[PDB]
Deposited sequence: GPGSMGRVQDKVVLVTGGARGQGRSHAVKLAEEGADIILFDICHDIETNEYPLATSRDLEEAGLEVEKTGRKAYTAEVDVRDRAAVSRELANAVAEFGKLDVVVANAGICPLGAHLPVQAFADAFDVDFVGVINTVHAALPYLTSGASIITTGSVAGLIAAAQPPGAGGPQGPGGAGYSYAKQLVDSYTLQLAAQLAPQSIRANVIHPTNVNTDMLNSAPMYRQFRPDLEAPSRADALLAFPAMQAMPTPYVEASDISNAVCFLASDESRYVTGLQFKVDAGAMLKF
């Protein structure tokens, strides 16, 4: 008897990092997962995104719990693709209970053109809209929508991609609260998780290193690692994907049936600074 027993969960960006961690955690707690991921790079985003193989490994990891996995290569900027693959996924499972709008990029770097802003926004905000809007027809009383924000985003309230990332995340937050209001009469909840630094390929990337160590020409991971902890008030350079998955599991579960419009910081006190 798991904490999300027999629920069906959509996870965007589910191939690796937080998304894969959420898929596995929820499956461990008794849910079947629909995993969507781009599975190829975006040009202005100067670290590798997930591969086809990552998404496969992610399905396998889920299946290993005894739950079922639907996998699809889908770009969240493509609504029709999201709609299409979601109908397929529902066909297999018959239901959709939880939406985890987790996919995102962080195309940082001051030398990048304004396209990087557009790309950060298209994926990080518009892709979230596309995800929820595609998912709404399928949701009934008791459904839970979970969106991924960013503490660094809220603080901003790095170049064109950084700016677009921050502003997209501020809108993920305010949009989530609008959605919460709109869906509350139907007992469908919507909440935003705001992580601080998370130990994933997004954080452990060359553009992110240069962001934390602007004093250095070519900072290494070891150099950035010295600057990582300043973001948190607790003594840690980052939280783990598991820390985010714990909050996702709480919000996915009927345990949180009356939690909606919550700005759920998993930040090690970053916002207390």
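*Asks:* In sequence order, what intervals of the deposited sequence carry no C-alpha positions?
*Replies:* Residues missing from the model, as numbered along the full deposited sequence, span 1-4, 162-170, 287.
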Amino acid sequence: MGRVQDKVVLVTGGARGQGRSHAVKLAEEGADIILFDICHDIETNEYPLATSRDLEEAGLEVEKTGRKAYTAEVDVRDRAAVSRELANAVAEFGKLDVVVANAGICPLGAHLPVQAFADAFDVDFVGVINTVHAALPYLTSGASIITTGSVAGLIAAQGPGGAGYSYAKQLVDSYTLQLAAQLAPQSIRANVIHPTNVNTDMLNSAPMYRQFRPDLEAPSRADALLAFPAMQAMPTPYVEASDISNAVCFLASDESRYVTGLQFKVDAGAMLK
From here on, numbers count along this sequence of modelled residues.
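*Asks:* So which stretch wins on mean C-alpha B-factor, 191-199 or 177-185?
*Replies:* On average, C-alpha B-factors are higher across 177-185.
*Asks:* Comparing 158-166 with 89-97, which has the greater mean CA B-factor as deposited?
*Replies:* In the deposited entry, the stretch with the higher C-alpha B-factor mean is 89-97.
*Asks:* Looking at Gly149, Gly127, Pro137, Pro107, which one carries the largest C-alpha B-factor according to the PDB entry?
*Replies:* Of the candidates given, the C-alpha B-factor peaks at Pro137.
*Asks:* In the PDB entry, which of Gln211, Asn204, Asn246, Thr236 has its C-alpha at the highest B-factor?
*Replies:* That would be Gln211, according to the entry.
*Asks:* Which third, lowest, middle or highest, does the C-alpha temperature factor of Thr131 belong to within its own chain?
*Replies:* Within its chain, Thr131 is a middle-third residue by C-alpha B-factor, going by the deposited values.
*Asks:* Test of reading the entry: by CA B factor among the chain's modelled residues, which third contains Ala268?
*Replies:* Its C-alpha B-factor, which the entry lists for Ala268, ranks in the lowest third among residues of this chain.
*Asks:* Once the chain's modelled residues are ordered by C-alpha B factor and cut into thirds, is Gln232 in the lowest, middle or highest one?
*Replies:* It falls in the bottom third of the chain.
*Asks:* Would you check the entry's CA temperature factor for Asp223 and let me know if it's in the chain's lowest, middle or highest third?
*Replies:* Tercile = highest for this residue's CA B-factor.
*Asks:* Could you place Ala72 in the lowest, middle or highest third of its chain by Cα temperature factor, using the values in the record?
*Replies:* Highest third - that is where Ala72 ends up once the chain's C-alpha B-factors are sorted.
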